[PDB]
């Protein structure tokens, strides 16, 4: 409506939007950096990748003047540093509270995901394949 994707269920109004989405399915990265071996699927992510080469920090916190490469990083810094009563991330499986969303993801794969490279309990010889079960068992 008008342009449905055919593999996944994406659809959007513009032909360029559906073709860019299909580049996400195929893996085509048309726009090559003229400086290194990076290549992007659209023009914007290449322009933004060029800031790493130039080393520019075009965003500045209007409160403490720290500088940042991207706006989202600046916004988040303002949120964690110059703002109170902000919602935190409580893990569903344990009692852990984390300030940032992706750190919660890091926590979930690192403490609550299966690893066949299991660890032995420090005090007995039983082995566990998820760290939280291990540390809880180690009572």
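Numbering follows the first chain given and starts at 1. The term rigid core refers to the most C-alpha atoms you can superpose between the two forms while keeping them within 1.5 Å.
Between stretches 97-105 and 25-33, the one whose Cα atoms sit farther from the displayed model in 4 other deposited structures of this protein on average is 97-105 (core-aligned, root mean square). Superposing on the core and measuring CA offsets in 4 other deposited structures of this protein, the stretch of 75-83 and 88-96 with the greater mean deviation is 88-96.
Just going by the entry, 94-102 versus 108-116 on mean CA temperature factor gives the higher value to 108-116.
Comparing 27-35 with 70-78, the higher mean C-alpha B-factor in the PDB entry belongs to 27-35.
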